[PDB]
Amino acid sequence: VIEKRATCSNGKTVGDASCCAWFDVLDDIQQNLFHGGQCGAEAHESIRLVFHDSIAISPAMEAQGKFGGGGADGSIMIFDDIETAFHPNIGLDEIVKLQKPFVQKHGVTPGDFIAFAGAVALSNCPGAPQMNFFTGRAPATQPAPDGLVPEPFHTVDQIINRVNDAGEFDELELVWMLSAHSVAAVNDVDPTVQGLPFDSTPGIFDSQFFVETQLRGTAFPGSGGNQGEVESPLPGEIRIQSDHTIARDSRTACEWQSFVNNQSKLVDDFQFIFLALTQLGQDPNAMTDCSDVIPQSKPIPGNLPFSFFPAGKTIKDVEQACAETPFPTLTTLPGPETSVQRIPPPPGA
Ligand code: HEM
Ligand SMILES: [Ca+2]
Ligand SMILES: [Ca+2]
């Protein structure tokens, strides 16, 4: 791909002149999709959308003579009436419908738009890696088949096999991509309440997800026994069965614990695996690097430690599963155990 370094009308230099148009997309989605550049519900939904668009690719199926999906091809938006009805994709038609208009107005491909919005969404969350953005995804011509996006009730072996088929990702990289549950909430698992976060800092890209999933689960935050849900350690926080089990499985437990108190490994690994997800089904050497359009991510504000135990929790509440290295001794925030506030989603989530 021949790139032509250029200075856009806003005065910024980018690696290719074709990237300049994405500055108008950026300003539009920041004000009109993310309410002023927030790391709130639409940002969270947009990050989730990247994975549900991209992981739907299967070389194993292609080897059996069946279409296995095009990976990061924007199919979930183009064929939203089909894909968003798949149970793993529950609640994603809401964000697809909020995103659709931007695609049509700016004339960008659906796949490139999903990857762009995911990167911009993450750049709005303090602590996020400096995110990449490559263009070049042609519109999907066929919807993905079902059975490709992991469910919260799937076993660890099923999920490991699924991501290995999809992109040759190993079990370590499976843990890295689950860092996105550090900026995320659950709207459709518990039918009585929407917006329960996976960690106590859903607006901060940090390792609280990895700390808090390792604590002993003691209660359900809303109703009990929903499929794919297990007890969590804090009021207001939800824990799903897949994350609970991957944190405790001997193949992935030490990599899961490796992010605790290690911000630079969290940022580097997630930067890497997020980019890889957005290139599934594509030829990296045929894409254009428009990463200079993505805003600079901001640091976490304040002076609290990077990782900590939430108030009322100590090392005694950790279910140690990594046999090679002891869970780190973190500080405990002072005061009484406090509930995690929910993140109400837009209508239809
Ligand atoms: C690998 C297996 C995974 C499983 C089983 C899984 C499961 C889930 C479930 C059950 C929810 C809540 C969905 C709902 O209530 O509608 C969710 C939300 C979310 N997931 Fe995952 N996830 C996985 C991997 C990923 C990955 C790789 C990413 C990102 C690259 C991701 C990003 C998110 C985000 C950001 C949310 C929050 C959505 C919101 O706030 O509306 N997840 N995940
Ligand atoms: Ca797709
Ligand atoms: Ca967090």
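Residue numbers count from 1 along this sequence.
- In terms of the side-chain contact (heavy atoms from CB on, under 4.5 Å) criterion, residue partners of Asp27 (sequence neighbours excluded) are, by chain and number, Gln31.
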Practice task
Given side chain to side chain contact (heavy atoms under 4.5 Å, CB included), test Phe102 with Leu33 step by step and report yes or no.
Solution key: CA-CA 9 Å; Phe102 298 96; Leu33 182 60; 3.9 Å; yes
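- Counting only distance, with no hydrogens or angles, the side chain of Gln214 and the backbone of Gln320 share no donor-acceptor pair below 3.5 Å.
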Exercise for the section: Any chance you could lay out the side chain to side chain contact (heavy atoms under 4.5 Å, CB included) test for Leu266 and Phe306, step after step, and finish with the verdict? Expected result: CA-CA 11 Å; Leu266 174 82; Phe306 173 68; 4.0 Å; yes
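- Judged by distance alone, with hydrogens and angles left aside, the side-chain atoms of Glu212 form a donor-acceptor pair with the main-chain N or O of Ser200 at under 3.5 Å.
- Residues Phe209 and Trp256 meet the side-chain proximity criterion, which asks for heavy atoms closer than 4.5 Å.
- Both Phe272 and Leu280 are part of a single hydrophobic cluster, where members link through side-chain heavy atoms under 4.5 Å apart.
- A single hydrophobic cluster is not seen to contain both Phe153 and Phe51; linkage of ILVMFWY side chains at heavy-atom distances under 4.5 Å, directly or through other members, places them apart.
- In the hydrophobic clustering, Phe86 connects to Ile78, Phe79, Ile82, either directly or through intervening members, whenever side-chain heavy atoms lie under 4.5 Å apart.
- Although no hydrogens or angles enter the test, the distance criterion places no donor-acceptor pair under 3.5 Å between the side chain of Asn226 and the main chain of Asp190.
- The sulfur atoms (SG) of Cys19 and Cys8 lie 2.5 Å or more from each other.
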Solution key, residues 175-183 side-chain donor-acceptor pairs under 3.5 Å, sequence neighbours excluded:
unit_1: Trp176; atom_1: NE1; unit_2: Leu172; atom_2: O; d: 3.3
unit_1: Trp176; atom_1: NE1; unit_2: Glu255; atom_2: OE2; d: 2.8
unit_1: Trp176; atom_1: NE1; unit_2: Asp269; atom_2: OD2; d: 3.3
unit_1: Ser179; atom_1: OG; unit_2: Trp176; atom_2: O; d: 2.8
unit_1: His181; atom_1: ND1; unit_2: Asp243; atom_2: OD2; d: 2.9
unit_1: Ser182; atom_1: OG; unit_2: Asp199; atom_2: OD2; d: 3.1
unit_1: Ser182; atom_1: OG; unit_2: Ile204; atom_2: O; d: 3.4
unit_1: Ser182; atom_1: OG; unit_2: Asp206; atom_2: N; d: 3.1
unit_1: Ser182; atom_1: OG; unit_2: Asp206; atom_2: O; d: 2.6
unit_1: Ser182; atom_1: OG; unit_2: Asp206; atom_2: OD1; d: 2.9

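- When the side chains of ILVMFWY residues are joined at heavy-atom separations under 4.5 Å, either directly or via intervening members, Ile300 and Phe205 end up in a single hydrophobic cluster.
- You'll find the side chain of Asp317 stays beyond 4.5 Å of the side chain of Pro233, heavy atoms only.
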Exercise for the section: Evaluate the criterion salt bridge (charged side-chain N to carboxylate O under 4.0 Å, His left out) for residue pair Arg137 and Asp112; output intermediate values, then yes/no. Expected result: CA-CA 6 Å; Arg137 305 169 186 77; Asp112 286 354; 2.8 Å; yes
Mind listing the side-chain donor-acceptor pairs of residues 91-101 below 3.5 Å, one per line with the distance, residues two or more places apart or on another chain?
unit_1: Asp93; atom_1: OD2; unit_2: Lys97; atom_2: NZ; d: 3.1
unit_1: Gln99; atom_1: OE1; unit_2: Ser46; atom_2: OG; d: 3.1
unit_1: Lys100; atom_1: NZ; unit_2: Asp80; atom_2: OD1; d: 2.6
unit_1: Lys100; atom_1: NZ; unit_2: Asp80; atom_2: OD2; d: 3.2

Exercise for the section: Could you walk me through whether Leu234 and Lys313 pass the side chain to side chain contact (heavy atoms under 4.5 Å, CB included) test, one step at a time? Expected result: CA-CA 9 Å; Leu234 298 168; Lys313 302 293 178 177; 3.7 Å; yes
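- Of the possible donor and acceptor atoms, none in the side chain of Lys66 sits under 3.5 Å from a partner among the backbone N and O of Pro145.
- Residues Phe169 and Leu174 are not in side-chain contact: their nearest non-hydrogen atoms beyond the backbone lie 4.5 Å or more apart.
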Practice task
Let me see the working for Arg251 and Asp170 under salt bridge (charged side-chain N to carboxylate O under 4.0 Å, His left out), right down to the final yes or no.
Solution key: CA-CA 10 Å; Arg251 299 164 276 197; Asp170 69 3; over 6 Å; no
Exercise for the section: Mind running side chain to side chain contact (heavy atoms under 4.5 Å, CB included) on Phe34 and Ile29 for me, showing each step along the way? Expected result: CA-CA 6 Å; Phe34 303 134; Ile29 69 170; 3.9 Å; yes
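- For the pair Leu215 and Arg239, the minimum side-chain heavy-atom distance is below 4.5 Å.
- Under a 3.5 Å cut-off, the side chain of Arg162 and the backbone N or O of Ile55 do form a donor-acceptor pair.
- By the side-chain contact (heavy atoms from CB on, under 4.5 Å) test, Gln142 pairs with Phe67, sequence neighbours left out.
- Panel note: side chain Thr252, backbone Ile246; a donor-acceptor pair is recorded below 3.5 Å.
- A donor-acceptor contact shorter than 3.5 Å links the side chain of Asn32 to the backbone of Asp28.
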Practice task
Verify ring-ring contact (aromatic ring centres under 6.0 Å, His included) between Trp22 and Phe113, making sure each step is shown before the conclusion.
Solution key: CA-CA 9 Å; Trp22 290 94; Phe113 183 84; 7.0 Å; no
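- Of the possible polar contacts, one joining the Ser232 side chain to the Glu237 backbone as a donor-acceptor pair under 3.5 Å is found.
- Counting only heavy atoms from C-beta outward, the side chains of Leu26 and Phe133 never approach each other to under 4.5 Å.
- Residue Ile238 holds its CD1 atom at 12.0 Å from CD of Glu231, rounded to the nearest 0.5 Å.
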Exercise for the section: Just do the side-chain hydrogen bond (donor to acceptor under 3.5 Å, both in side chains) check on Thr155 and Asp157 with the steps written out, would you? Expected result: CA-CA 5 Å; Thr155 64; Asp157 285 277; 5.2 Å; no
Show the atom names and distances, to 0.1 Å, of all donor-acceptor pairs under 3.5 Å that link a side chain in residues 335-349 to residues at least two apart or in another chain.
unit_1: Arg342; atom_1: NE; unit_2: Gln194; atom_2: O; d: 2.9
unit_1: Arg342; atom_1: NH2; unit_2: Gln194; atom_2: O; d: 3.1

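- No donor-acceptor pair closer than 3.5 Å links the side chain of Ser58 to the backbone N or O of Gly68.
- Of the possible polar contacts, none joining the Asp289 side chain to the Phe134 backbone as a donor-acceptor pair under 3.5 Å is found.
- Side-chain contact, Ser123 with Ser297: no donor N or O sits under 3.5 Å from an acceptor N or O.
- The same ILVMFWY cluster, assembled from side-chain heavy atoms under 4.5 Å apart, contains both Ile159 and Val186.
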